Structures are given as structure tokens and as C-alpha cells.
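J.: Below: one structure in C-alpha cells.
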Number of protein chains: 2
Amino acid sequence: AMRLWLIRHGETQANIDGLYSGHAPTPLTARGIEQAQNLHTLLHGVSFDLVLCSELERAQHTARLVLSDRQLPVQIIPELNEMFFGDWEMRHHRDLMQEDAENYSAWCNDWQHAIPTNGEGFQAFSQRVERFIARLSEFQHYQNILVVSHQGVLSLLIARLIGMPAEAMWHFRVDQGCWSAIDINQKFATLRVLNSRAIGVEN
Amino acid sequence: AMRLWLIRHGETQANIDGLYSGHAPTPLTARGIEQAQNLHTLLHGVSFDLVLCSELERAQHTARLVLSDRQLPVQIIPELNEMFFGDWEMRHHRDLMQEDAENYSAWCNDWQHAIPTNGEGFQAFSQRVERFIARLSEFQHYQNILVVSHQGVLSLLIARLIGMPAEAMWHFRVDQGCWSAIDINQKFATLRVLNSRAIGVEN
Ligand SMILES: [Cl-]
Ligand SMILES: [Cl-]
Ligand SMILES: [Cl-]
């Protein structure tokens, strides 16, 4: 009886500027901060047993805002980090087609196998998220787990938990300022909530 | 750019008694009516141009309550009907195990191939929902479609739209009193919301 409460970090400056966000630092905007504050209200009644957060500061900043009233052991997991884009970090799609046309166009036509320049390909990234899924049995005695991460990770986590290939991650888009939930009972994952802005209740 | 707003009908007396509820009539309770009235408040700002509904009066009753203010002709689609349970309609699992032991035991163990007594099996039920997916192109010029149906249909619809086998329908459970949304862009289906109790806004 394990419920994973999925949370994507708030809106960042890189989102407003339409840049690639990977391991590079970018701060939460004023709206992204208030999104995490509203989530603190919407999940105030949930008694989490553990917080799982990415190494990136914008994720940890969100986790702190959702748990302002409270105090709870937070665990920092590098497998929850967004895909590493290498030389493409904090750069726009229009500029990459002119400054790195050869590699970037191959990425646009076959993102599953083309590797971003000096970055992390999709195969290695999906293996890293798969490593986190195999690691969830370590938390078998926690009932409610809060997971603060990024859209590429959370969409892939949903896809693989309920048995789809990694390439099907884009059938699920998780949004900022919302929360999602997935239940795992006897290694069977059930998507219960996806992108809710309502008050969450334990069950 | 098609968005299907999915709504399962509210709580019924059959739900209160824990009975198999398929094609047999069963009324909304006072709570099930209140669920549809709250959904009317949640979706007040969504400009539906079409409402798809099953033949069951309890689903049409829900659609009328969700759209009390608006005027919008309800299209009655028998493919959106719940699975037909035949002689098992409006009966309890505790009683069916004794009175129809051989057939009901087979259904509990091989539910994807065993036929409910004088009912419709899961193969014919999945083909029927598949038939509904095939004629979705008839609604290509509508943008916000309200789909009022039942849990078996809506779970199977989501699973098949994003490319999963019919038997994976139980990785998604559509709850009562909530709304879900799936977007279809160039024959690619995206699950955007699953069982929300928050205010909905159209894309
Ligand atoms: Cl950051
Ligand atoms: Cl029902
Ligand atoms: Cl009815």
C-alpha cells in the first residue's frame, strides 16, 4: 500500500524564456513560488512519510515551500534529476538550429536515440529513471511519499510504472502548480490522479 | 485539436448496494445528483459544443445537471453503455458465487474470456468501445466534447486512446464526482487530467 504523490517544480525563469532546462540552475519565478505555496495549502491535510526530491535547487525550493508549516526528512536523489542536455542547457530551440544544426536536427528527428551534444541521451536517461523505479522497494514501509521532480522524469515514471515503453512518456504531461498520485499495491501501479488543482485526501 | 472531457455518472442505488450495474436502470441518489451539480460548478466556464452520452438514463440525468444553464443537444451513443452483465445485472458478488457458481467462478478468474451468463463478454465489450473510437473522426470539427458514460467504458477508452491493450483498462480508474480530459492532436492522444475536483478551463 504505497501512494506516490507526484509534484513538478514551479515555473522557472528558463520556462519564461523558453530555454532548455536540465542540470543548469534557474530560479523559481514569482508565479512558480506561489504555485508551490498553493500546493502547500492543497496538500496540507496529507501526512507524508517521506519526501523524495531532485538535486536541483528549483526542485528543493519547491519542496521547502510545500512543507513550510511542517518538518520531515527530505531525501535527495540524483535519479530524479531532469535529463542533462549538455551544451544545449539554457539555450533556445531557434538558436540551436543555427548554432548546432547537424546534431540538433538529428535530435529533432530521432530523440529516442540521438544524444544531445555532450549531454545525456534518452536511452541513458530512461535507464536512470528505471534505476529509481527498481529502488522504490526500499521504501515499502512508507505509505505516503512526496516526489518533487521534473516533467521528463515524472512523465516517464508514470509510463513505466503502469507498463508502457519509455517512448510513451509523452502520452502523459504533468503540469506546474498541480499534483498527481499513483498507487502501487502488489507491484501493480494504478494512476489515481493526474494534474489536480483540488484538495488532496489520504487513501 | 480535440479535447474529450470525460465524466462518469454519479453514485446510484446500485452502488450503495454493491451490485453489478450495466444496462439495467438504477437511479442517481441524492449524493449522485449533488455530484453532478458540483461538476456543473467546476465546468461552468468550459464552452462545450457537443455532449456524448450513453443510453442509460442515469448518464443522461448527469449530463442535464452538468449543463443546467446551457442548451446543447445530447447525442445518445449506445457504444458508451456499460458492459452488459446479462442475468448478473443488479445482483451481488456474494450471492452470485452461490447461485451461479460455475459461470461466476470462471468469470472471476478468466474475466477477459469468460462470458457473464447471457451477457456480453470483455472481447465484445472492447470491440464495442473500439467501434466508438473509430468514429471519433465524425466529430473532427468540435473542440470541447463532454462524454458522460460509465467506469468500464471510460477506463477502456483512455487505455486504448494512448495505445495500450484493452486489458490495461484497470491502470486507470475513473472516480465519481470528478472530471478527466484527454486531448487528441493529429491522431495522438494525451491524457491531461485524471479525476480532478478543481475548476476546469479549456485550452
Ligand atoms: Cl535549479
Ligand atoms: Cl456504477
Ligand atoms: Cl439508469
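Residue numbering restarts at 1 for every chain of the C-alpha cells, chains are lettered A, B, ... in their displayed order, and ligands are numbered from 1 as they appear.
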Considering only C-alpha atoms, return as number ranges by chain whatever protein or nucleic-acid residues lie within 12 Å of residue 192 of chain A, sequence-local ones (same chain, fewer than 2 positions apart) excluded.
T.: A: 3-6, 158, 162, 179-184, 189-190, 194-196, 200-203; B: 155, 170-175, 178, 180, 193-196
J.: For the residues in the current selection, export N, CA and C atoms as an mmCIF file, in the first residue's frame.
T.:
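Wrote again_34.cif, looks like this:
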```
data_model
loop_
_atom_site.group_PDB
_atom_site.id
_atom_site.type_symbol
_atom_site.label_atom_id
_atom_site.label_comp_id
_atom_site.auth_asym_id
_atom_site.auth_seq_id
_atom_site.Cartn_x
_atom_site.Cartn_y
_atom_site.Cartn_z
ATOM 1 N N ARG A 3 1.450 4.981 -1.879
ATOM 2 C CA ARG A 3 0.982 6.056 -2.744
ATOM 3 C C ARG A 3 2.113 7.044 -2.986
ATOM 4 N N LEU A 4 2.371 7.336 -4.256
ATOM 5 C CA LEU A 4 3.358 8.331 -4.655
ATOM 6 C C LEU A 4 2.620 9.597 -5.069
ATOM 7 N N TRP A 5 2.865 10.691 -4.353
ATOM 8 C CA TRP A 5 2.310 11.993 -4.709
ATOM 9 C C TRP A 5 3.338 12.722 -5.568
ATOM 10 N N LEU A 6 3.018 12.910 -6.847
ATOM 11 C CA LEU A 6 3.966 13.457 -7.809
ATOM 12 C C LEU A 6 3.798 14.967 -7.920
ATOM 13 N N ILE A 158 5.507 7.649 -14.702
ATOM 14 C CA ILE A 158 4.138 7.163 -14.854
ATOM 15 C C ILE A 158 4.075 6.090 -15.933
ATOM 16 N N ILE A 162 3.164 1.754 -14.952
ATOM 17 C CA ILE A 162 1.975 1.033 -15.381
ATOM 18 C C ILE A 162 2.218 0.259 -16.681
ATOM 19 N N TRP A 179 -0.835 18.561 -8.811
ATOM 20 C CA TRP A 179 -0.295 17.367 -8.183
ATOM 21 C C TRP A 179 -0.910 16.131 -8.823
ATOM 22 N N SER A 180 -0.151 15.040 -8.799
ATOM 23 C CA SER A 180 -0.597 13.757 -9.317
ATOM 24 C C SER A 180 -0.339 12.683 -8.272
ATOM 25 N N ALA A 181 -1.006 11.545 -8.442
ATOM 26 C CA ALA A 181 -0.893 10.455 -7.486
ATOM 27 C C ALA A 181 -0.964 9.128 -8.224
ATOM 28 N N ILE A 182 -0.152 8.172 -7.782
ATOM 29 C CA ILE A 182 -0.146 6.826 -8.344
ATOM 30 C C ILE A 182 -0.002 5.830 -7.200
ATOM 31 N N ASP A 183 -0.871 4.823 -7.179
ATOM 32 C CA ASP A 183 -0.895 3.823 -6.123
ATOM 33 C C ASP A 183 -0.245 2.536 -6.608
ATOM 34 N N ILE A 184 0.547 1.916 -5.740
ATOM 35 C CA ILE A 184 1.221 0.660 -6.043
ATOM 36 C C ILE A 184 0.836 -0.346 -4.968
ATOM 37 N N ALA A 189 0.658 -0.879 -10.447
ATOM 38 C CA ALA A 189 0.541 0.568 -10.343
ATOM 39 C C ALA A 189 -0.771 1.027 -10.966
ATOM 40 N N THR A 190 -1.477 1.910 -10.264
ATOM 41 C CA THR A 190 -2.736 2.473 -10.732
ATOM 42 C C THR A 190 -2.641 3.989 -10.676
ATOM 43 N N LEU A 194 -4.190 12.766 -11.930
ATOM 44 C CA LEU A 194 -3.220 13.386 -12.828
ATOM 45 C C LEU A 194 -3.557 14.859 -12.983
ATOM 46 N N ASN A 195 -2.646 15.723 -12.531
ATOM 47 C CA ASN A 195 -2.753 17.172 -12.701
ATOM 48 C C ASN A 195 -4.029 17.717 -12.057
ATOM 49 N N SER A 196 -4.091 17.594 -10.737
ATOM 50 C CA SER A 196 -5.204 18.120 -9.962
ATOM 51 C C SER A 196 -4.814 19.434 -9.304
ATOM 52 N N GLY A 200 -6.117 17.497 -1.799
ATOM 53 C CA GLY A 200 -5.800 16.080 -1.786
ATOM 54 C C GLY A 200 -6.162 15.446 -0.451
ATOM 55 N N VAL A 201 -6.644 14.206 -0.517
ATOM 56 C CA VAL A 201 -7.059 13.457 0.664
ATOM 57 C C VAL A 201 -6.333 12.120 0.684
ATOM 58 N N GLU A 202 -5.914 11.706 1.876
ATOM 59 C CA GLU A 202 -5.252 10.419 2.047
ATOM 60 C C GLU A 202 -6.218 9.270 1.788
ATOM 61 N N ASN A 203 -5.731 8.257 1.070
ATOM 62 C CA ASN A 203 -6.418 6.979 0.935
ATOM 63 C C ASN A 203 -5.545 5.987 0.177
ATOM 64 N N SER B 155 -12.507 4.001 -18.583
ATOM 65 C CA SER B 155 -11.188 3.421 -18.345
ATOM 66 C C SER B 155 -10.651 2.747 -19.601
ATOM 67 N N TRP B 170 -7.557 -1.191 -16.293
ATOM 68 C CA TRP B 170 -7.589 -1.017 -14.846
ATOM 69 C C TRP B 170 -6.385 -0.264 -14.302
ATOM 70 N N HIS B 171 -5.412 0.087 -15.145
ATOM 71 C CA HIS B 171 -4.380 1.015 -14.707
ATOM 72 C C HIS B 171 -4.926 2.422 -14.518
ATOM 73 N N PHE B 172 -6.135 2.688 -15.006
ATOM 74 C CA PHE B 172 -6.843 3.938 -14.775
ATOM 75 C C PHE B 172 -8.215 3.617 -14.215
ATOM 76 N N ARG B 173 -8.551 4.229 -13.087
ATOM 77 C CA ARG B 173 -9.889 4.140 -12.526
ATOM 78 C C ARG B 173 -10.481 5.539 -12.508
ATOM 79 N N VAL B 174 -11.606 5.712 -13.189
ATOM 80 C CA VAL B 174 -12.314 6.985 -13.208
ATOM 81 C C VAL B 174 -13.272 7.003 -12.025
ATOM 82 N N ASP B 175 -13.141 8.013 -11.172
ATOM 83 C CA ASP B 175 -13.949 8.120 -9.970
ATOM 84 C C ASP B 175 -15.217 8.926 -10.238
ATOM 85 N N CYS B 178 -15.810 13.496 -10.217
ATOM 86 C CA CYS B 178 -14.632 14.137 -10.780
ATOM 87 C C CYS B 178 -14.794 14.281 -12.288
ATOM 88 N N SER B 180 -12.214 14.212 -16.044
ATOM 89 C CA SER B 180 -10.935 13.961 -16.686
ATOM 90 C C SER B 180 -10.960 14.566 -18.082
ATOM 91 N N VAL B 193 -5.730 15.420 -17.722
ATOM 92 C CA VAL B 193 -6.295 15.452 -16.378
ATOM 93 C C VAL B 193 -6.965 14.111 -16.115
ATOM 94 N N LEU B 194 -6.819 13.600 -14.892
ATOM 95 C CA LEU B 194 -7.496 12.377 -14.475
ATOM 96 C C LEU B 194 -8.093 12.583 -13.092
ATOM 97 N N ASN B 195 -9.422 12.521 -13.006
ATOM 98 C CA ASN B 195 -10.159 12.619 -11.743
ATOM 99 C C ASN B 195 -9.776 13.873 -10.958
ATOM 100 N N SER B 196 -10.113 15.019 -11.528
ATOM 101 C CA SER B 196 -9.929 16.294 -10.856
ATOM 102 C C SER B 196 -11.223 16.725 -10.180
#
```
J.: Please produce chain A as a compact mmCIF listing (two decimals) with C-alpha atoms, in the first residue's frame once it has been superposed on chain B, the fit using all Cα atoms paired in sequence order.
T.:
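Here's the written file selection-v8.txt:
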```txt
# COMPACT_ATOMS: atom_id res chain seq x y z
CA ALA A 1 -7.27 19.90 -31.78
CA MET A 2 -9.92 17.81 -30.02
CA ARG A 3 -10.35 17.68 -26.24
CA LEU A 4 -12.57 15.01 -24.69
CA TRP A 5 -13.92 15.90 -21.24
CA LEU A 6 -14.68 12.57 -19.57
CA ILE A 7 -17.46 12.35 -16.98
CA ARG A 8 -18.68 9.29 -15.09
CA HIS A 9 -22.26 9.40 -13.85
CA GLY A 10 -22.97 10.02 -10.18
CA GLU A 11 -23.40 7.55 -7.35
CA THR A 12 -26.38 5.25 -7.90
CA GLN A 13 -28.45 3.07 -5.59
CA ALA A 14 -26.78 0.01 -7.12
CA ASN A 15 -23.44 1.43 -5.96
CA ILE A 16 -24.70 1.75 -2.38
CA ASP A 17 -25.99 -1.83 -2.50
CA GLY A 18 -22.82 -3.13 -4.19
CA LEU A 19 -24.67 -4.69 -7.13
CA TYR A 20 -23.59 -5.18 -10.72
CA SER A 21 -24.63 -2.17 -12.83
CA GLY A 22 -24.98 -2.80 -16.55
CA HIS A 23 -27.94 -1.96 -18.79
CA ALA A 24 -30.37 -2.33 -15.88
CA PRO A 25 -31.90 0.93 -14.59
CA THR A 26 -30.79 2.40 -11.26
CA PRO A 27 -31.38 5.98 -10.07
CA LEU A 28 -28.89 8.56 -8.89
CA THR A 29 -28.74 8.89 -5.12
CA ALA A 30 -28.92 12.26 -3.39
CA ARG A 31 -25.12 12.33 -3.32
CA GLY A 32 -24.87 11.29 -6.97
CA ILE A 33 -27.21 14.14 -7.89
CA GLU A 34 -25.15 16.68 -5.94
CA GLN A 35 -21.99 15.33 -7.58
CA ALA A 36 -23.40 16.24 -10.99
CA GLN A 37 -24.55 19.62 -9.64
CA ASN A 38 -21.04 20.34 -8.36
CA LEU A 39 -19.64 19.33 -11.75
CA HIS A 40 -21.97 21.89 -13.35
CA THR A 41 -20.18 24.49 -11.22
CA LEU A 42 -16.67 23.15 -11.85
CA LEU A 43 -17.13 23.01 -15.65
CA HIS A 44 -19.38 26.09 -15.87
CA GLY A 45 -16.69 28.06 -17.71
CA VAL A 46 -16.08 25.43 -20.40
CA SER A 47 -17.80 26.06 -23.74
CA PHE A 48 -18.58 22.56 -24.97
CA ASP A 49 -19.40 22.05 -28.64
CA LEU A 50 -21.18 18.70 -28.17
CA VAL A 51 -22.42 16.26 -25.51
CA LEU A 52 -21.95 12.51 -25.99
CA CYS A 53 -24.00 10.44 -23.57
CA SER A 54 -24.90 6.83 -22.88
CA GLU A 55 -28.36 5.39 -23.48
CA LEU A 56 -28.76 4.72 -19.75
CA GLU A 57 -30.94 7.11 -17.75
CA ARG A 58 -28.48 7.63 -14.89
CA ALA A 59 -25.99 8.93 -17.45
CA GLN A 60 -28.49 11.23 -19.18
CA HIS A 61 -29.66 12.46 -15.77
CA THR A 62 -26.06 13.41 -14.93
CA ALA A 63 -25.62 15.19 -18.28
CA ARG A 64 -28.78 17.23 -17.67
CA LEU A 65 -27.54 18.29 -14.23
CA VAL A 66 -24.13 19.42 -15.50
CA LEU A 67 -25.90 21.53 -18.15
CA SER A 68 -28.79 23.03 -16.17
CA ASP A 69 -28.04 26.67 -17.05
CA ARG A 70 -27.29 25.81 -20.66
CA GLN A 71 -28.75 24.25 -23.80
CA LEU A 72 -26.67 22.13 -26.16
CA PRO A 73 -27.32 19.31 -28.67
CA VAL A 74 -26.92 16.03 -26.80
CA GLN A 75 -26.15 12.89 -28.81
CA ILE A 76 -27.05 9.45 -27.45
CA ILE A 77 -24.53 6.72 -28.29
CA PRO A 78 -25.10 3.03 -27.42
CA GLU A 79 -21.35 2.34 -27.65
CA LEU A 80 -20.99 4.44 -24.48
CA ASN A 81 -23.21 2.04 -22.52
CA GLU A 82 -21.70 0.04 -19.68
CA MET A 83 -20.93 -3.63 -20.26
CA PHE A 84 -24.06 -5.79 -20.27
CA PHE A 85 -23.94 -8.34 -17.44
CA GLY A 86 -26.99 -10.33 -18.54
CA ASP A 87 -28.44 -12.47 -15.76
CA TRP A 88 -26.00 -10.92 -13.25
CA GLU A 89 -27.51 -7.42 -13.46
CA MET A 90 -28.34 -5.81 -10.10
CA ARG A 91 -26.96 -8.80 -8.17
CA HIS A 92 -24.28 -9.04 -5.50
CA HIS A 93 -20.95 -10.83 -5.76
CA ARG A 94 -21.61 -12.91 -2.63
CA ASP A 95 -24.92 -14.21 -4.00
CA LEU A 96 -23.51 -14.96 -7.47
CA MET A 97 -20.87 -17.34 -6.09
CA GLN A 98 -23.69 -19.41 -4.54
CA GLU A 99 -26.39 -19.09 -7.22
CA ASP A 100 -24.17 -19.30 -10.33
CA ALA A 101 -20.87 -20.70 -9.06
CA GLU A 102 -19.80 -22.49 -12.25
CA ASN A 103 -19.99 -19.49 -14.59
CA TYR A 104 -19.22 -16.76 -12.05
CA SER A 105 -16.00 -18.37 -10.83
CA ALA A 106 -14.80 -18.73 -14.42
CA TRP A 107 -15.51 -15.01 -14.80
CA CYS A 108 -13.50 -14.26 -11.65
CA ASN A 109 -10.50 -16.25 -12.91
CA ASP A 110 -10.52 -15.15 -16.58
CA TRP A 111 -12.67 -12.03 -17.01
CA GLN A 112 -11.02 -11.24 -20.35
CA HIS A 113 -12.54 -14.32 -22.01
CA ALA A 114 -15.30 -15.69 -19.76
CA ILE A 115 -18.72 -14.34 -20.74
CA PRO A 116 -21.28 -13.40 -18.05
CA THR A 117 -24.35 -15.63 -18.19
CA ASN A 118 -26.54 -14.38 -21.07
CA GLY A 119 -24.51 -11.16 -21.05
CA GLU A 120 -21.68 -9.40 -22.88
CA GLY A 121 -18.13 -10.70 -22.66
CA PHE A 122 -15.06 -8.50 -22.44
CA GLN A 123 -13.99 -9.18 -26.03
CA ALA A 124 -17.32 -8.02 -27.46
CA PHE A 125 -17.40 -5.09 -25.02
CA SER A 126 -13.88 -3.97 -25.98
CA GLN A 127 -14.88 -4.20 -29.65
CA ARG A 128 -17.87 -1.94 -28.97
CA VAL A 129 -15.70 0.69 -27.26
CA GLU A 130 -13.24 0.30 -30.14
CA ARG A 131 -16.12 1.06 -32.52
CA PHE A 132 -16.65 4.35 -30.68
CA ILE A 133 -12.95 5.23 -30.96
CA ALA A 134 -13.00 4.73 -34.73
CA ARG A 135 -16.15 6.90 -34.79
CA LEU A 136 -14.44 9.91 -33.17
CA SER A 137 -13.14 11.15 -36.54
CA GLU A 138 -16.76 12.09 -37.29
CA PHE A 139 -16.37 14.82 -34.63
CA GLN A 140 -13.12 16.27 -36.00
CA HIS A 141 -14.66 19.76 -36.22
CA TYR A 142 -15.72 19.91 -32.55
CA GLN A 143 -13.14 21.38 -30.18
CA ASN A 144 -14.58 20.54 -26.74
CA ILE A 145 -16.66 17.37 -26.40
CA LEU A 146 -18.28 16.27 -23.13
CA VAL A 147 -18.52 12.48 -22.74
CA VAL A 148 -20.87 11.15 -20.05
CA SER A 149 -20.51 7.41 -19.57
CA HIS A 150 -19.46 4.64 -17.16
CA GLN A 151 -16.20 3.61 -15.53
CA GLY A 152 -15.69 0.45 -17.58
CA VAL A 153 -16.09 2.43 -20.80
CA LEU A 154 -14.06 5.49 -19.80
CA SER A 155 -11.16 3.48 -18.36
CA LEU A 156 -11.06 1.39 -21.54
CA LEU A 157 -11.34 4.52 -23.69
CA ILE A 158 -8.29 6.04 -21.99
CA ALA A 159 -6.27 2.83 -22.30
CA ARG A 160 -6.90 2.37 -26.02
CA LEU A 161 -6.62 6.05 -26.98
CA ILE A 162 -3.00 6.21 -25.80
CA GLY A 163 -2.08 2.80 -27.22
CA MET A 164 -2.42 0.23 -24.44
CA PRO A 165 -4.18 -3.13 -24.77
CA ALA A 166 -7.78 -3.34 -23.61
CA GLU A 167 -6.73 -5.47 -20.62
CA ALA A 168 -4.76 -2.51 -19.21
CA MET A 169 -7.97 -0.53 -18.59
CA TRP A 170 -7.65 -1.15 -14.84
CA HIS A 171 -4.45 0.90 -14.68
CA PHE A 172 -6.87 3.86 -14.88
CA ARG A 173 -9.81 4.26 -12.50
CA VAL A 174 -12.18 7.18 -13.06
CA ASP A 175 -14.20 8.27 -10.04
CA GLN A 176 -17.64 9.76 -9.51
CA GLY A 177 -17.89 13.49 -8.90
CA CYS A 178 -14.64 14.12 -10.81
CA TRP A 179 -13.77 15.01 -14.39
CA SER A 180 -11.01 13.89 -16.74
CA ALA A 181 -9.64 15.24 -20.00
CA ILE A 182 -7.72 13.76 -22.93
CA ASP A 183 -6.36 15.72 -25.90
CA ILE A 184 -6.05 14.30 -29.42
CA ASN A 185 -3.82 16.12 -31.92
CA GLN A 186 -2.89 14.37 -35.18
CA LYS A 187 -4.15 11.02 -33.83
CA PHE A 188 -1.84 11.29 -30.79
CA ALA A 189 -3.77 11.12 -27.52
CA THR A 190 -2.40 12.81 -24.39
CA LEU A 191 -3.94 12.27 -20.97
CA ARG A 192 -4.06 15.81 -19.54
CA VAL A 193 -6.31 15.46 -16.46
CA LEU A 194 -7.51 12.41 -14.52
CA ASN A 195 -10.08 12.63 -11.71
CA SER A 196 -10.02 16.34 -10.94
CA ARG A 197 -12.32 18.12 -8.50
CA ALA A 198 -11.02 21.56 -9.51
CA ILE A 199 -12.33 24.21 -11.90
CA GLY A 200 -11.74 23.22 -15.53
CA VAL A 201 -10.34 25.69 -18.05
CA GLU A 202 -10.42 25.53 -21.85
CA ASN A 203 -7.15 24.92 -23.69
```
J.: Mind listing the strand (DSSP E or B) residues of chain A, per DSSP on the backbone, as a ChimeraX atom specification?
T.: /A:2-8,12,19,28,50-53,74-76,92,144-149,172,179-185,188-196
J.: Could you pull out the residues in segment 1-191 of chain A that DSSP calls helix (DSSP H, G or I) from the backbone, as a ChimeraX atom specification?
T.: /A:13-16,30-42,57-66,78-80,86-88,93-99,101-109,122-139,151-161,166-171
